[PDB]
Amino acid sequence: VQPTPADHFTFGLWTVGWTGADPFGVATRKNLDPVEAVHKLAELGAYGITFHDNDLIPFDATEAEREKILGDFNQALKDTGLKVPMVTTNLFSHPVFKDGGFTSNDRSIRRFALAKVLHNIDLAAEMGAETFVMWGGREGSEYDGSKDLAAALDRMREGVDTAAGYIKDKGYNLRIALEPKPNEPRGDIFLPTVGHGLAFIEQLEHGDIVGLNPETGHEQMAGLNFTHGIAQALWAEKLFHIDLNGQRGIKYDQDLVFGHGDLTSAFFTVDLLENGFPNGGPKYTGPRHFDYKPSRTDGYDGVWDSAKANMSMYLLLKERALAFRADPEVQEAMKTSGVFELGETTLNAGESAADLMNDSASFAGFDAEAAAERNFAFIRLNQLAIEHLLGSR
């Protein structure tokens, strides 16, 4: 292992800063000072830090306190070298956001959440963030008739397009990344998966600067294939940022260390981010951000162990994934399974639909029974990945 700033490992203030209050109990750890967070992360090898507005500046803070806090915070960044690649807004903790921010049924709350966002774009630009994340955690319902489902999406579009037009208007070098979550805190959250988020962006006026921020655990909460889902985001050129963590099953959002959830899936996630596609295509070159929570059973030595562990796991997996693809038995196994064959277009250069239809060899005279004999050898190919992952090869 041994991470270095070149690796682009970024951590949120709320991750290591998470004190342990869950639904059935109080905090088990003392508050973490943000200046202490910066110094500790930088010592460990992180490249940058992210935060929610209220992670740094209390909801209550007076103008004088905002500036006091920011001066110390900017000093620490200076002292250490950490960048601030992403900034986000808390539109979920305060009681006012109980029915959402942007899709709150109350119009005065929608205006209040949108202004909170607009002000936060100003700080984002001031900090040098390239990405502004939006996780609509309270946008949804417990009951199906609580909302006019079409109006909720119109109100979501108004907020996102107002914010986007504001970025464009000010010429900030910022992009919006939406973050999908199927449920929790709401019984049903709007734009629950990568797909729903991607689809929604296509209905926006300012869609060009809006992309996604998928999170491992979140897609796994709907039982989906995370690599499949980031693949589709990348393919659409909408994978703007990423949150890496662990989740074991469909249950509450666990936010374990990356690699402490579905290990085999984490491996293929790393192969996609590091290696990209077998036949070539797009690559994700942004930060490797960890949106996790250090288990409440553990003290501060567990907090810094867990931060370390996120980075180690990614570097261990990276290593095994480079070895796996480089392996000539793997490349031959890949060749056999038709991995490169899928890259070939289906139609010959210039062939029309009409041409393929009436090509006797592709249909009328095709031997479907003989084509069905093909041994795709997907099991053997899977077996080679696991052995590479197990450090066995």
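Residue indices: 1-based, along the sequence shown.
Which is higher on mean Cα B factor in this entry, 246 to 254 or 316 to 324? Higher mean C-alpha B-factor: 316 to 324.
Per the record, averaged over C-alpha atoms, which has the higher B-factor: 208 to 216 or 138 to 146? Of 208 to 216 and 138 to 146, the stretch with the higher C-alpha B-factor average is 208 to 216.
Out of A353, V339, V26, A333, highest CA B-factor residue: Of the candidates given, the C-alpha B-factor peaks at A353.
Between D298, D106, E126, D262, which one tops the list for Cα B-factor in this entry? That would be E126.
Entry-reported Cα temperature factor of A231, expressed as the chain third it lands in: For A231, whose C-alpha B-factor we compare with every modelled residue in the chain, the answer is the lowest third.
Split the chain's modelled residues into thirds by Cα B-factor; is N120 in the lowest, middle or highest one? Ranked within chain, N120 CA B lands in the middle tercile.
Based on the entry's values, in what third of the chain does the Cα temperature factor of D154 lie: lowest, middle or highest? Its C-alpha B-factor belongs to the middle third of this chain's values.
How does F92 rank on Cα B-factor within its chain, lowest, middle or highest third? Bottom third by C-alpha B-factor.
Per the entry's values, where does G195 land by CA temperature factor relative to the rest of its chain, in the lowest, middle or highest third? CA B-factor rank for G195: lowest third.
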